[PDB]
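In the block that follows, a single chain appears as structure tokens, in the form deposited in one PDB entry.
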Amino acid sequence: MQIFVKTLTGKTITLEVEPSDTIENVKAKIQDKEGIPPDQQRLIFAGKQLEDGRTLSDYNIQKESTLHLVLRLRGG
């Protein structure tokens, strides 16, 4: 399944993922491609912040969906 992840800077990266993949896995994939540590990653889809433990299937994330990446500020 192709999905897109869009950053707040507007860059999109393309991932290949499956319904069985957890959000933890997706963040790992994003770190590989983009270099962002998972602990800083906050994903949003369908107006929901995505739970590391859950699968893309739990959120009904299908082909060509876009997830929004927001970074969580560590150290105000």
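Shifts are known only where both forms have a C-alpha. Think of the rigid core as the biggest set of C-alphas that the two forms share within 1.5 Å after superposition. In case it trips you up, residue 1 is the first one in the sequence shown, and so on.
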Segment of higher mean CA temperature factor, 5 to 13 or 20 to 28: 5 to 13
Would you mind checking where the Cα B-factor of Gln40 ranks among the modelled residues of its chain, as the lowest, middle or highest third? middle
Chain-wide C-alpha B factor ranking for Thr66, given as lowest, middle or highest third: lowest
Of the three thirds of its chain by CA temperature factor, lowest, middle or highest, which one includes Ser57? middle
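One more form of this protein exists, namely the form deposited with a partner chain bound; it is left out here, but the text below deals with it.
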Rigid-core overlay between this form and the one not shown puts runs of three or more residues with Cα moved 2 angstroms or more at 8 to 10
